[PDB]
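Residue numbers (PDB author numbering): 4 to 283. Quick reminder that beta carbons are idealized off the backbone N, C-alpha and C, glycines included. Worksheet: the structure to be examined is printed underneath.
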């Protein structure tokens, strides 16, 4: 009966070339689905599905991983029976795209991947710690850096959108080791960061490096300067920095721009909620 449903389920999984191990699991999970529904698969309603999910999550206390595995098993079972997959199994998802940024841990990995390379390391540190734009970094002059005051002066090409940025201790050390080298180079320029041809970088080359460094760090997410900046501005916010201040630092004329880089992820947002929840 239900055996006959399980038996075709296995035959289908056998056909699809799954391991004995996987089949045994999928089978066991679908069996508990039928056992709980206690009705024919074609007869299963959306509310039935919602009862089964609550069964998994509440009564059986499954983790999400386990919840997902069961759900995947049942779907495959529906597919095996040439039956319609209850739409409620898959359902309409947590909001689609809004841009994605790095975890505080991913940042550490991004930076550290670059400690082999004094120049890379100083480059990455400045973007990660100061919030500057590629381009602004390219046109930094050695004289714009003030290590002792932990400040970079950021001036324009152009419109005069001038400001200072502030470096964290670790960024002060990073640049510091780079400037030691930079200072001994016999360059025809005083740009802070210089290419292998000892000239100012091209905005494009920097993005390549940031990109590659992200791979070298084993980061699934594609890493770009915009992402790093989303990362930084978000961290400052998570750390209690007011939006208007973050705006000052990034050099944004309107908060609408600063909003783009402070869009929080679900985890972050839930934390920020707990931390500042309504009190009644």
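Since residue i and residue j should fall inside the 8 Å C-beta cutoff, what is the C-beta to C-beta distance between them, to a whole number of angstroms?
i: residue 246; j: residue 261; result: 6 Å
i: residue 145; j: residue 195; result: 5 Å
i: residue 212; j: residue 201; result: With 8 Å as the limit, residue 212 and residue 201 do not qualify as a contact, their Cβ atoms being about 17 Å apart.
i: residue 89; j: residue 49; result: 7 Å
i: residue 271; j: residue 241; result: 6 Å
i: residue 236; j: residue 249; result: 5 Å
i: residue 197; j: residue 190; result: 6 Å
Take the Cβ of residue i as the centre, count every other Cβ of all protein chains shown within 10 Å, and call the residue buried at 16 or more, exposed below.
i: residue 142; result: buried
i: residue 81; result: buried
i: residue 104; result: buried
i: residue 137; result: buried
i: residue 277; result: exposed
i: residue 171; result: exposed
i: residue 110; result: buried
i: residue 256; result: exposed
i: residue 160; result: exposed
i: residue 177; result: buried
i: residue 71; result: exposed
i: residue 139; result: buried
i: residue 101; result: exposed
i: residue 24; result: exposed
i: residue 283; result: exposed
i: residue 254; result: buried
i: residue 61; result: exposed
i: residue 18; result: exposed
i: residue 217; result: buried
In the DSSP assignment, find the alpha helix (DSSP H) that holds residue i and state where it starts and stops.
i: residue 11; result: 5-18
i: residue 166; result: Note, residue 166: premise wrong, no alpha helix (DSSP H); beta strand (DSSP E) at 166-169.
i: residue 258; result: 258-264
i: residue 229; result: 228-241
i: residue 214; result: 206-219
i: residue 278; result: 269-279
i: residue 23; result: 23-40
i: residue 68; result: 67-83
i: residue 115; result: 107-115
i: residue 251; result: 246-253
i: residue 123; result: 121-133
Compute the distance between the beta-carbons of residue i and residue j, then report whether it is under 8 Å.
i: residue 135; j: residue 114; result: no
i: residue 168; j: residue 252; result: yes
i: residue 117; j: residue 124; result: yes
i: residue 83; j: residue 11; result: yes
i: residue 13; j: residue 76; result: no
i: residue 86; j: residue 51; result: no
i: residue 157; j: residue 165; result: yes
i: residue 29; j: residue 79; result: yes
i: residue 238; j: residue 107; result: yes
i: residue 121; j: residue 181; result: yes
i: residue 55; j: residue 36; result: yes
i: residue 206; j: residue 214; result: no
i: residue 192; j: residue 185; result: no
i: residue 40; j: residue 26; result: no
i: residue 112; j: residue 220; result: yes
i: residue 174; j: residue 129; result: yes
Which residues bound the beta strand (DSSP E) around residue i?
i: residue 57; result: No beta strand (DSSP E) contains residue 57, which is instead part of the alpha helix (DSSP H) from 49-57.
Looking at the ligand COA, does it come within less than 7 Å of residue i, judged from the CB to the closest heavy atom?
i: residue 168; result: Ligands are entirely absent from the displayed structure, and the ligand COA is therefore not among its contents.
List the DSSP bridge partners of residue i.
i: residue 154; result: 149, 169
i: residue 144; result: 194
i: residue 201; result: DSSP output for residue 201 lists no bridge partner at all.
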